[PDB]
Amino acid sequence: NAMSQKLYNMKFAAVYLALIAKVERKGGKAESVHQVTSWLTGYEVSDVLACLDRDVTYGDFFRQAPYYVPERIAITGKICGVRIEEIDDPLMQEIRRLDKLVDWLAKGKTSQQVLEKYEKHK
C-alpha cells in the first residue's frame, strides 16, 4: 500500500520479495511472479533474479526496463485503491500494472493464464 513516490526509492529486492510473499501466502509460486514481471518489463527472468543481489531501487528497476510489452496498455482496472489507466505518473503506472498482474497470481491464476488474459490477437 505504498502510494507515493517514496516507493521509487525503496530497495528493489525487499519490495519484490514482498510481492512474492503475497503470492506464496495464497498458495502461488515465486516463479509465476518472475514470469509476469519478465513479460511486462522485457527483463529476462535471470535479470530480475540478478537484481536481488544489487542495491538498485524499485523505481530504478522500472526506469531501466528494457522493453515494456505493448499489451500492458490492456492492464486496466483498480489496484491499491486507484484506477491504473488514470494514473498520471508514468512510472507509478507501470508499477501498478505489475501489482495488478501479481493480484491475479494471489487470486489463483497461473502466469500462463495471466499472459493469456492480456495477450491480444487479431
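A few remarks follow.
- Unique match (being part of a helix (DSSP H, G or I), more than 12 Å from the chain's Cα centre (by Cα), among the hydrophobic types (A, V, I, L, M, F, W, C) and more than 22 Å from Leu115 (Cβ to Cβ)) among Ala13, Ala18, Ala2: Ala13
- Note on the stretch 110-122: among residues that are in a loop (DSSP other than H, G, I, E, B) and touching a residue at least 40 places away in the same chain (Cβ under 8 Å), the one that is nearest to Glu24 (Cα to Cα) is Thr110.
- Screening the stretch 67-83 for residues that are among the aliphatic types (A, V, I, L, M) and farther than 16 Å from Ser4 by Cβ and picking the one that is surrounded by the most Cβ atoms within 10 Å (Cβ to Cβ) gives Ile75.
- Any hit, the stretch 76-83, residues being under 21 Å from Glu24 (Cβ atoms), not in a helix (DSSP H, G or I) and not small (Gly, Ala, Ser): yes
- Take the conditions (1) on the phi < 0 side of the Ramachandran plot; (2) surrounded by 13 or more Cβ atoms within 10 Å (Cβ to Cβ); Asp88 misses just one of them, which is (2).
- For the stretch 15-22, the condition holds for at least one residue, the condition being that it is touching a residue at least 60 places away in the same chain (Cβ under 8 Å) and either surrounded by 15 or more Cβ atoms within 10 Å (Cβ to Cβ) or out of contact with any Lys or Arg (no Cβ under 8 Å at 6 or more places or on another chain) (or both).
- The residues of the stretch 1-47 that are basic (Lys, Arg) and within 18 Å of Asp103 (Cα to Cα), listed by number, are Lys22, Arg25, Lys26, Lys29.
- Cβ separations smaller than 6 Å between residues 6+ apart or across chains give the following pairs from the stretch 78-96 residues that are of a type outside the set (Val, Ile, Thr) to residues that are surrounded by 12 or more Cβ atoms within 10 Å (Cβ to Cβ) and part of a helix (DSSP H, G or I): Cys80/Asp99; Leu91/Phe62; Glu94/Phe62; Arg96/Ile84.
- Scanning the stretch 29-65 for residues that are in contact (Cβ under 8 Å) with a residue 24 or more places away in the chain, over 11 Å from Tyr16 (Cα atoms), part of a helix (DSSP H, G or I) and not acidic (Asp, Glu) gives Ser32, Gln35, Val36, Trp39, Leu40, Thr41, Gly59, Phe62, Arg63.
Just so you know, all these numbers are worked out from the coordinates, no wet-lab data involved. Methodologically, a virtual Cβ is constructed for each residue, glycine included, from the backbone with ideal geometry; neighbour enumeration extends over all protein chains shown.
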